[PDB]
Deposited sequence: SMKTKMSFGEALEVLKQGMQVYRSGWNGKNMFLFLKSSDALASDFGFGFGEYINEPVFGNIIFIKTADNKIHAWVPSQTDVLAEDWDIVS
């Protein structure tokens, strides 16, 4: 379906994405902007989060398989 580059633009626009090939069920990613994160100092940058399979919110770490996969989809 969707590539990771396409899934990123969906994330940069505020929607939630996921991979059908993931082992965990009901997981998704969402991107929070630097302005929303604050709510010559260093400023925040965009951060991708992950809602895990056990209903927990962590900072997301992409696997090599995630980045190369073609099975991304939008959370409906």
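Taking the first deposited residue as 1, the stretches without any C-alpha atom are 1-4, 44-53.
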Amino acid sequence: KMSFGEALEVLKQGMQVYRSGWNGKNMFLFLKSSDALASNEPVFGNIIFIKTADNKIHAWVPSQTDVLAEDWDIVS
From here on, numbers count along this sequence of modelled residues.
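Of the other compared PDB entries of this protein that include residues on both sides, all give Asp35 atoms, none of them, and so not a third, leaving it without. Look at the mean CA B-factor for 59-67 and for 20-28 in the entry; the higher one is 20-28. In the PDB entry, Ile50 places in the lowest third of its chain by CA B-factor.
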